[PDB]
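Okay, structure first, notes after.
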Amino acid sequence: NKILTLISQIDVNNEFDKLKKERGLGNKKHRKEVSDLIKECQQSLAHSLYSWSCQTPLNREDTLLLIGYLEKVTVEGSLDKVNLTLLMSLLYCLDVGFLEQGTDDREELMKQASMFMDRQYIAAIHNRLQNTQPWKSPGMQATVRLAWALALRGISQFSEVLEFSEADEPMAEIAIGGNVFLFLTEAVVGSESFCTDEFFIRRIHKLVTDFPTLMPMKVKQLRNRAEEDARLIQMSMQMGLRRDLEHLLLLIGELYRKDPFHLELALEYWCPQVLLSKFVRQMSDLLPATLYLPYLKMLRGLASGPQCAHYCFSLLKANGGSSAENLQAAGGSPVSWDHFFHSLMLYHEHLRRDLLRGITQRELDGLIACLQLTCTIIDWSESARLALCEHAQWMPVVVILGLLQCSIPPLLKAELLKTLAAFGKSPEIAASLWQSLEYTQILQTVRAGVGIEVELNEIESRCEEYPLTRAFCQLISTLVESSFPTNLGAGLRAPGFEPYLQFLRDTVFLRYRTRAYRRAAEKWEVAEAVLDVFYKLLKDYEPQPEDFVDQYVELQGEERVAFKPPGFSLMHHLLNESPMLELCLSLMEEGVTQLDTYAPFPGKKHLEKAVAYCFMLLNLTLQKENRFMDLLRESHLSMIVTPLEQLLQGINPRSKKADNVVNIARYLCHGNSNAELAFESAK
Amino acid sequence: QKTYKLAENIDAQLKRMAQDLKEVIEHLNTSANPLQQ
Amino acid sequence: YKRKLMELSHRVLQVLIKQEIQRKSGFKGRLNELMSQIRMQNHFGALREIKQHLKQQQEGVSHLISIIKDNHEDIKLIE
């Protein structure tokens, strides 16, 4: 009680107001310090409560006090981290899942659990949960209601508590009446701290798996109700909305979408349980377009891990071959790799032939979800990738390739390339991927402006997003790590990577400051992309006297100079006053200032990784510069290079003086928060 | 619509050597008992 | 500024070579030992009878330079 009360009187705003009253508020440094201190105090107290519950369940009155506290807890729809931990602690408290673990010490564990000896605990927790007093968060009321219902159901199979065996089913009803599924989806899973503690994931997923495992009649009832509601919905649609089923589906897809503990709980839903596989099947039968989106997501979540995704690939592929079915019905499982790959080839043909019955938005949604689901399955099972890439009647690689040159909405392109990457995870796949990308001219590597250039300059600029460019650099990098060929495009023009290079350096990076960001993090992310590729590009560059003697190649009948050791150009750009260099320095100064703000998340993680890649390229230029200067001095391009040292003491445009090094140091002041940039800087 | 290379290579080399000789003169300057005065 | 001047000199010489192309169309161990010597001098960084003659000779040259400058100025006026 004193723990709950002291955490309850600790209001950081109240302390701040008290301190500002006596003028006790120090600098923003000190403000953050005392604030983090108070947050640590509260979090530690809550952690003590939770660890207590994890070691020994709390007594009846302690639990009722915890309930009285939780029944007054508010969200923001997501619940607070401390609020989430309190809810989860009480969750593990009412957790009766240890009664179904076949471990031999069952008697000692049943005698160590306070819920099996003091029936008054059952009576009182039940009477409090069955009070119609709406907890300040009714979704939380329903969440705890479903939890207590599942606990009473799991304890009803032991002969000692039958006086509650009937109040579980109605309780779930009350909880199902309280959008318990929606509360779980938005308030906790939608809370950015849920996936933080693996035990919270295990508790949520345990309750989730127990939902269809302990009360199958309720899942059947929801299925019948959703079917009747789908019928009425169709009646309305043709005549010109409760999303329960979609909600449960999305919940399932998200709760298992991560297995940070790698528990592979999704293995319960596949069958190499029976009710779980049966539901996973029956949901694929006559799947209306409306759930086509959610179901894929659910399937994606179900694929979490090697074995689960393997089972899912098996499920789709088996649903996708030539099999007699349905007593001559028009279509089988609307969720089936047959339906997927078939409608896919259908769209590919309908579009390549129209090179307007544009894809209806709902069809776009279903397609996007399907691509994401297949992406997850391929990502988590290598057997999935091996099976999907080689199914002859789907030819998903070539199908997607045909799709890409066709004018689809950009988002479908994103999802398709995402699946392309998920399949490319196997290196054999990646080899043909490189060749075929070089073949299909998705990017113009052979100019006979059109292509990603115009769409970036007009669409990506206008919509204030550059997803296309991000995918572009992603592909460029995944390919360049796979040893791009030296004669790239030889025969159509000069062999060498220079075209994509100029595209990235002049059009993307050097302009990245002038582009409008609807999501500010996008500027940082795009810089991060360009930087990654330039970095890897230099990182392989070995200075050789071959680079500086301009090799003459007969390309298209004209003698063009062959590209030097890949990084040479980049080095020439860093060894001179190129806008590239000043941009590196400017990003540096800006990151220094932003760090000096000591400010939360916005764009941060990307910002860090960006500046880190920058420092890396700096170190690399310094590293190779000795031999590079030796070789250039040996082969004598009139190109004047200056060792990066003298440049680093350059007079900064913003600073109007040589503070590049001083700024670079200043990150060392941020050590205790950022170890990484400190390491790079000191290097 | 070769000889110069090696020669300008001697050019970069002599530029660097002149820089080094400047550095040597500079350290001798920092050198400036009575004998050094 | 000086290093940037070097980079801009590279730029200008390249631009001049370019306008010459398009429109007008139609030892090392010695260096190493030298670095070692400069570093040695950096490390080093970390008779009353003679002064008469030395002051006398500095004085003699101090007189001579005067005649040199006067010759320069007379050459000027003659020009």
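Given +1 at the Cβ of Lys and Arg, -1 at the Cβ of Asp and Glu and no other charges, the dipole of chain A around its Cα centre is 1400 debye to the nearest 20. Classification of segment A:340-405 by its C-alpha gyration tensor yields an oblate form. The axis ratio a/c (a ≥ b ≥ c) is 1.5 or more, and b/c is at least a/b. Between the listed residues A:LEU70, A:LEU91, A:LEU109, the Cα displaced farthest toward the positive end of the dipole of segment A:61-118, a dipole computed from Cβ unit charges relative to the Cα centre, is found at A:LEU70. Here A:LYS111 is the anchor, and the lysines within straight C-alpha reach of less than 29 Å, apart from those fewer than 8 places off in the same chain, are A:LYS2, A:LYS206.
Within the shell of other residues whose beta carbon sits under 9 angstrom from the beta carbon of C:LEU34, the net charge comes to -2, with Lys and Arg scored +1 and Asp and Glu -1. Model label points for A:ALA599 and A:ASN14, set 7 angstrom from Cα along the Cα-to-Cβ axis, are 3.2 nm apart. Okay, which of segment A:622-652 sit inside 13 Å, backbone N to the point 7 Å along the Cα-Cβ direction of B:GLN19? Residues A:625-634, A:640-648 qualify, since their backbone N sits under 13 Å from the label point. Would you mind classifying chain C by shape? Square roots of the alpha carbon gyration tensor eigenvalues, ordered a ≥ b ≥ c; an a/c under 1.5 is rounded, otherwise it is prolate if a/b is larger than b/c and oblate if not. Oblate, since a/c reaches 1.5 and b/c is not below a/b. Most tightly packed first, judged by the mean number of other beta-carbon atoms within 10 Å of their residues, the peptides A:342-353, A:11-22, A:496-507 read A:496-507, A:342-353, A:11-22.
The charge dipole of segment A:159-203, taken about its Cα centre with unit charges on the Cβ atoms of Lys, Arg (+1), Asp and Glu (-1) only, comes to about 240 debye. What's the local net charge at A:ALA226, with K and R +1, D and E -1, over the other residues with C-beta under 11 Å away? Residues close to A:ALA226 contribute a combined charge of +1. Between the listed residues A:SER482, A:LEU631, A:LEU644, the Cα displaced farthest toward the positive end of the dipole of chain A, a dipole computed from Cβ unit charges relative to the Cα centre, is found at A:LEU644. For A:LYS220, a cut-off of 20 angstrom between C-alpha atoms picks up these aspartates and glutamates, skipping any fewer than 8 places away in its own chain: A:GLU166, A:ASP168, A:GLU169, A:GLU173, A:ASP210, A:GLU228, A:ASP229, A:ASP244, A:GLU246, A:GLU268, A:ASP285.
With a cut-off of 19 Å on the backbone N, the residues of segment A:513-527 near the modelled label site 7 Å out from A:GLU192 along Cα-Cβ are A:518-526. Cα extents for chain A along the principal axes, largest to smallest and rounded to whole angstrom: 94, 81, 54. Counting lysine pairs in segment A:548-683 whose alpha carbons fall under 26 angstrom apart, excluding pairs fewer than 8 residues apart on the same chain, gives 8.
Roughly how many debye, to the nearest 20, is the charge dipole of segment A:249-297 about its Cα centre, given +1 on each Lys and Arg Cβ, -1 on each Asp and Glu Cβ, and no other charges?
Around 100 debye, computed over segment A:249-297.
For the residue pairs A:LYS32/A:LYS258; B:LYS22/C:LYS55; A:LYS258/A:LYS297, alpha carbon separations beyond 21 Å are given by A:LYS32/A:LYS258; B:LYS22/C:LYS55.
Assuming a ≥ b ≥ c are the square roots of the Cα gyration tensor eigenvalues, decide whether segment A:601-646 counts as rounded (a/c under 1.5), prolate (otherwise, with a/b larger than b/c) or oblate. Because a/c hits 1.5 or more and a/b exceeds b/c, segment A:601-646 counts as prolate. Counting only residues at least eight positions apart within a chain, or on another chain, the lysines with an alpha carbon under 29 Å from that of C:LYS51 are C:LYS69. Note on segment A:447-534: dipole from Cβ charges, positive end direction compared against A:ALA471, A:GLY449, A:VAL526; the farthest Cα belongs to A:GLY449.
Note: ideal-geometry Cβ built from the backbone for every residue, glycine included; neighbour counts use all protein chains shown. Every number here is computed from the coordinates shown, using simple stated rules; none is lab data.
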